[PDB]
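Novice: model this:
(5 chains)
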Amino acid sequence: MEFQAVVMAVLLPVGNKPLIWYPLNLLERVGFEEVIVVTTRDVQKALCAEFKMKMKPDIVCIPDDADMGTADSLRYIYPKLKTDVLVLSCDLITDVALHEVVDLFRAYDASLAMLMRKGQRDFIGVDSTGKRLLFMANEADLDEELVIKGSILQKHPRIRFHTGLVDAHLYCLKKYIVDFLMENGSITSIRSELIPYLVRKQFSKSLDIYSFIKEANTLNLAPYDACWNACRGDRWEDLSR
Amino acid sequence: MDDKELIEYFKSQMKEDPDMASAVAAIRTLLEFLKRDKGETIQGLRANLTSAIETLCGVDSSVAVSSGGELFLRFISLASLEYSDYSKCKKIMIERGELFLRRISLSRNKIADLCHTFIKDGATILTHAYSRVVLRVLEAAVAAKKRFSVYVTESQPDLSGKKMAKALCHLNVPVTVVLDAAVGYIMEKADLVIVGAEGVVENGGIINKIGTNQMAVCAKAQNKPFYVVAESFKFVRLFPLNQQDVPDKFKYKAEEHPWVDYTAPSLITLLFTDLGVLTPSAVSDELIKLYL
Amino acid sequence: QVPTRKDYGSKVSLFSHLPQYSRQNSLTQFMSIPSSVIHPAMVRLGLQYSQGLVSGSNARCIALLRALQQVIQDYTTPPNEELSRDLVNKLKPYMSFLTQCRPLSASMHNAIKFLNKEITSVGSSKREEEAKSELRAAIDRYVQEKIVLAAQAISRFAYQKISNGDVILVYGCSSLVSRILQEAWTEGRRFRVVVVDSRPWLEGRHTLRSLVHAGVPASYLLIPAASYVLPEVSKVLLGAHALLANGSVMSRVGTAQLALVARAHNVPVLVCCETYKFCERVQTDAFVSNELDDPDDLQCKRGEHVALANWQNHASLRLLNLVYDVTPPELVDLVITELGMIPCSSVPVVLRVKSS
Amino acid sequence: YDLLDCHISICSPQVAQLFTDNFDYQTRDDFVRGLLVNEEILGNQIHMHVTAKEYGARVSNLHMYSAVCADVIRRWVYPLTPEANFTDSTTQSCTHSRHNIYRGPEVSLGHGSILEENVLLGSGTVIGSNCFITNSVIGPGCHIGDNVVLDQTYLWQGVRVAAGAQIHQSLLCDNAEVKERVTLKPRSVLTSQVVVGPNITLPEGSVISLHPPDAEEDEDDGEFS
Amino acid sequence: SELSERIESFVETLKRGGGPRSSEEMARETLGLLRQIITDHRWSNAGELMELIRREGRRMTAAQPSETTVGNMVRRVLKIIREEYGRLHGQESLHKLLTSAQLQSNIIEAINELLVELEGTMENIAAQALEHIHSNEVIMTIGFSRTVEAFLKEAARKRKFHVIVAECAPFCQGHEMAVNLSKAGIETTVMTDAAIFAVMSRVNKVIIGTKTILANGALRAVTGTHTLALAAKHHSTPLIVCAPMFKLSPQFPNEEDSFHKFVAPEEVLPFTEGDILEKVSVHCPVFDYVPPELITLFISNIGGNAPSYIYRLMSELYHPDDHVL
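Specialist: Numbering: from 1, shown residues only, chains lettered A, B, ... in the order given. Structure as follows:
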């Protein structure tokens, strides 16, 4: 076995049906007999007990500490990791055929595969084919000018930029990425620092990073407006399921 | 033993028996030199033997000499393959060389006792130059009381064709000498063209006298059968791609007057060797099998 | 079990029996992400084949052998069973799926047969780890002696034919030809090279990128103009995807055309190929056994209009994309192998000596 | 970053008005940058058209001059071709052969000389014996000696070269002359009738002319002062 | 004056790019231009008219020697003046050796009837097309040429067969024939050049057009036609050439090697390759030379003919003195 499904939670079973049920069901839509979930401990390290009342095919739950990011959660869960991982988030409501994303991880033997959607602040730049992303940054770390290296333009003279895209927080990741995460404690969150680090490190036996663009669904974001939109669309989403 | 003594040994062996093939005399010279060498190491044998091989090749630039030398050295390697000791090796060298010499001596008669069955009575025979093998097979055909007509070209560089005509008139056979430029004009009256081979290349093509290639092409144009006779020891691991690719050490010293041409296997009907009647692929098979 | 890839688009009546898939349609859409049929050494290789990430026959063989090494390493015996037979019975579906993704070549057929023979030769008393280690060692030795040493010997042999001041014509992206030319240029040979390419793959540019990187003077042109350039060509050198027992050469589509025109222009033809690529099966034409690639690659943008845009909407219209063809033996003058320089008619002889 | 500036623009009288209002503007780049920094006021969006099937370039230096000459000789700017004679003049009549060997009228190639490829010879030229000319352009009325080697050079009209010279990647203006046993390094330049003295090999970067100060060296019968 | 500027515009159009794409349009325009030349320019004897025509035809041919429709139309006109002068005032063979001012209207009417007969060459070829195609045949063509497309798309009105069209790379215009002909229900197939021989065994006969037919019967066609003819000869399949009568030009292959037409190498190799374009020499000819030994038949507006007879048609169209022009 080489994929080990991993679910992050740092959520709340809100909605008509429990929120965490929605992504987990997707895992049982395509194989994935076993799954690892990590719960929060700042509120209470017992949400696993509450979640144990569901009826999924098979569940594995692990408590965490009070303060721990996604990268910190992976750092804690590493001893249970033996192969490539598939990190998801509890807040994610989508009907994506997952087989596309892993195909980028499969065909090109990439070091990272992610899902990215046309939202309806953070800049990303992919190549002409729209598969291998080349640059990514956020306005938080940029003052007024966006900087592009000469070498990347030498290797790729045509970059297509996207601005309003929304991440789905789903990533196929290699094992040596987790080993490097072990080697350095300076990383606390995946999205905040880890992905841009790899993107920059692609250009110093190299690093391959790919993103798949979708046009159907986003994740239930922290704002309550996203939860309301997810509730509105849940009837249509579950009509097929 | 010195190179000079080798040279007079080779020349005397040639002169004593004019009927002996050049490669046979070369192999006999190599065997005699091996007989009196007083070497101790097989590598010392190989170096001296190959050096004598280039010496004789300089003496006689024929392809047959080089083919015989290559066959001799491969025989040395085969004998040394399963004899760690050197004295047993040397004795086996001598005895197998005696057997090899007697077999190549009988090879011409072996070819004759097989080739003559293709000579239809009343047919027409076409030949290029003075080849002893075709003369022997014609003698065998005559012995079987068969009647046939023979045309022979003159081989312009040295008129060996007239010598073959004399040797055939000595056997009471109807023979006619024709110009080297009239082959096409004669190709209509022929029935099958038998010719000797100076040497045989990997795929079955033949290294032979300069006028052979045009005759083969003309015969292929008229779709007449074209038979080539040669012995086993004339095989060689050469492979020209065209007439130019032939090494210069065989063309000359034997404006521009090359003594040698190459004929492709596509224009050859059959080969007549002591092993039997062979397709051109059989030569390549034998060469592949010999070298592992 | 694995589903069946859907044939895409109508086919020519003469090619009704051959399959024809589309690069857009990937079989993995109907397979579990955590591959449950068997471990996913299947899917990586199958996707890289179907999507055409690896093209060279030697590259395909090396990738397949690496993937199957991973298969053997991850494989474990089931209780109450014999490895020497269960391994092959389990490996057959791998071959079926790989053929579904893309039809196999002669080199991969020989590799599969060799590995099946090796597995069968494994005794029933030896231990699991020893068997796995010896299988991996046998695969490594096969790769070494059948690719690397063979290429070096063939380059040494070909160094003799390549003369100074001549012109050598090549075709397509073939690793053996490129390595031969590079090594020959290394040894001080001075010559030109003429590159002939053909649509739609246009992989010939590959070797061009090599030739300039090796400093070799070169020229590039499409296949139809070959008849224009042959008069100044002195030798034609072609790589081969397979050799058949009848001496014919199974290769890329344009090989037979180049051989025929070269014969019509009185130019010697060389075919360089390794012994392991020799195949016992025979055929007389490209119709009985071929492979039809995605016809959508035939569409080209000339000016501002694509003529074959909606080709599916014309019932009478048909598109074929051949990838292989057969050159008759009589148009071939050389086969350059580690065994030496042989005629085409001697191809079966090698098959006899290497079989035992 | 894959675009090439062909220096071709389609303009409106608004461009003239903006130029006559904005005094500081001097070049096209200045106008483009000024319009793209003064966005909200007089928006005036600028549009772009990209072509990928036709050739267009602007020569601005010897590097671009050599690149454009190599492209033109190799028929990259068809229908524009040295043998096409787009300017109907008698002198530029040419004949096209294998390897893009363009030959004018009255060339009189010498015995043993070899034109390898991508070579254009002006009318009235004279070529010596055993010459080796490659990827070069020779102007009309030139005169070349024996055993001369020319690689990627450019000779204008009236240039005279003595026998035995070796010339690589340099440029010789009209009416220049080179004596015997002279070797020119790549990127050399000879301008306006400067004659290089015998038995000298100029360095890599060697631009010479009659005018003293601008040229790195000025001379008429040598290279040492 | 006005005729002179029209002539200059015609020459510039030939030099830059052919406006009227079809060769028949070239022939009609050349004949019309010669008509205004004859009517406008003043001349007393026929000799000055002939030399003026020689000068104008020399200029037009030197504009673009790649295509020869203008040249042989001019030669046909010159033969017309020669014939009219001989008729109103009074062929090299052994028989000849052993034996020994109002023509303007006649010239004009001769040119007019020449145009009239030139109008219907396509229709005549289509009319005779049905006698060379049988049911369930397999036909292969190359590139694009309106003559053969009209041929097949009218001969399929009463027959059913299969047609294979090989794209003439880089100018993949065979797709245009494929689309147009499949828009008539012919069950056509689109193929690359590299597969020609690969399929050539399973083709009954091959019909092709041409750009110019030389005196010896050898022709100049699109690139890759020579390979197709060689494959045909190898498989001994008959080869049909559909060419109207004006595509017959009296030159010979060995003439200065200005025979092919080399276009920009952009089509063969895109400019985006970059650095490697310096050391690499690229050639993109658009025409190939097919020898007469590989040709089986010639179909023209007058009927069928053998290549060995082509020379005779030269004597009936062009006077020997006007070959050089």
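Novice: Convert the C-alpha atoms of the longest helix along chain A to CSV, please.
Specialist: The residue-count maximum for a helix in chain A (DSSP state H) belongs to helix A:224-240. Coordinates of each C-alpha in helix A:224-240 appear next as CSV, following Å, rounded to 0.1, in the frame of the first residue of the first chain:
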residue,chain,number,x,y,z
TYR,A,224,-20.4,31.6,8.0
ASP,A,225,-21.3,32.8,4.5
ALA,A,226,-19.4,29.8,3.1
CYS,A,227,-21.3,27.5,5.4
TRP,A,228,-24.6,29.0,4.2
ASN,A,229,-23.6,28.5,0.6
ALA,A,230,-22.5,24.9,1.3
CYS,A,231,-25.9,24.3,3.0
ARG,A,232,-27.7,25.7,0.0
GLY,A,233,-25.7,23.5,-2.4
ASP,A,234,-25.7,20.4,-0.3
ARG,A,235,-29.1,19.3,-1.5
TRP,A,236,-28.0,19.4,-5.1
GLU,A,237,-24.7,17.7,-4.2
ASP,A,238,-26.4,14.9,-2.4
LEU,A,239,-29.1,14.5,-5.1
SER,A,240,-26.5,12.5,-7.1
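Novice: For chain A, what lies in contact range of chain C?
Specialist: Contact residues, chain A versus chain C (C-beta under 8 Å from any C-beta of the partner chain): A:1-3, A:30-33, A:97-99, A:102-103, A:106-109. For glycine as for every other residue, the C-beta is placed from the backbone atoms N, C-alpha and C.
Novice: For PyMOL, write the select line for the buried members of those.
Specialist: Entered in PyMOL, the line below selects the buried ones among these, by 16 or more other C-beta atoms under 10 Å in any protein chain shown:
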select buried, chain A and resi 3+31+32+98+99+102+103+106+107+108
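Novice: Keep only those of the residues of chain A next to chain C that are in helices.
Specialist: Using DSSP H, these in helices are A:99, A:102-103, A:106-107.
Novice: Name the nearest of those residues relative to chain E.
Specialist: For these, the minimum distance to chain E (C-beta to the nearest C-beta) is 24.6 Å, reached by residue A:107.
Novice: Skipping adjacent residues, who's closest to the closest one in space?
Specialist: Nearest residue to residue A:107, sequence neighbours excluded (C-beta to C-beta, 6 or more residues apart in numbering or on different chains): residue C:47, at 4.3 Å.
Novice: pretty sure that neighbour is touching residue A:102, no?
Specialist: No - counting by C-beta atoms under 8 Å, residue C:47 does not reach residue A:102; the two are 10.1 Å apart.
Novice: Contact partners for the residue lying closest to residue B:196 once chain neighbours are set aside?
Specialist: Excluding the flanking residues, the one nearest residue B:196 by C-beta to C-beta, 6+ apart is residue B:131, at 2.8 Å. Listed by C-beta atoms under 8 Å, 6 or more residues apart in numbering or on different chains, the contact set of residue B:131 reads B:164, B:195-196, B:229.
Novice: could the residues you listed be laid out in CSV, adding secondary structure and distance to residue C:334?
Specialist: Listed next are the contacts of residue B:131 as CSV, based on DSSP: H, G, I helix; E, B strand; the rest coil; distance: C-beta to C-beta, whole Å:
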residue, secondary structure, distance to residue C:334
B:164, helix, 36
B:195, strand, 26
B:196, strand, 27
B:229, strand, 27
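Novice: Columns neighbour count and distance to residue C:27 on top of the residues you listed, output as TSV?
Specialist: Shown next, in TSV, are those (neighbours: other C-beta atoms under 10 Å in any protein chain shown; distance: C-beta to C-beta, whole Å):
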residue	neighbour count	distance to residue C:27
B:164	26	74
B:195	27	63
B:196	25	65
B:229	24	63
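Novice: Now the phi/psi pair for whichever residue of chain E sits closest to chain A, please.
Specialist: As assessed by C-beta to the nearest C-beta, chain A sits closest to residue E:272 within chain E, at 9.2 Å. Backbone geometry at residue E:272, expressed as degrees, to the nearest 10, gives phi -70, psi -10.
Novice: Need phi/psi at the nearest residue to residue C:249 once chain neighbours are set aside.
Specialist: Closest residue to residue C:249 apart from its sequence neighbours, by C-beta to C-beta, 6+ apart: residue C:327 at 4.2 Å. Note on residue C:327: its backbone torsions stand at phi -100, psi 130 [degrees, to the nearest 10].
Novice: what's the neighbour count on residue C:327?
Specialist: Per other C-beta atoms under 10 Å in any protein chain shown, the neighbour tally for residue C:327 reads 26.
Novice: surely it meets residue C:259?
Specialist: Yes - using C-beta under 8 Å, residue C:327 is in contact with residue C:259, at 5.1 Å.
Novice: which residues are in contact with both of these two?
Specialist: Joint contacts of residue C:327 and residue C:259 (C-beta under 8 Å, 6+ apart) are residue C:249.
Novice: Could you check the helix or strand containing residue B:65 against chain C for contacts?
Specialist: Of the helices and strands defined by DSSP states H and E, residue B:65 is found in helix B:63-81. No - applying C-beta under 8 Å from any C-beta, one finds helix B:63-81 separated from chain C by no less than 13.8 Å.
Novice: if I pick the residue nearest to residue C:249, what's in contact with it?
Specialist: C:248-251, C:255-256, C:259.
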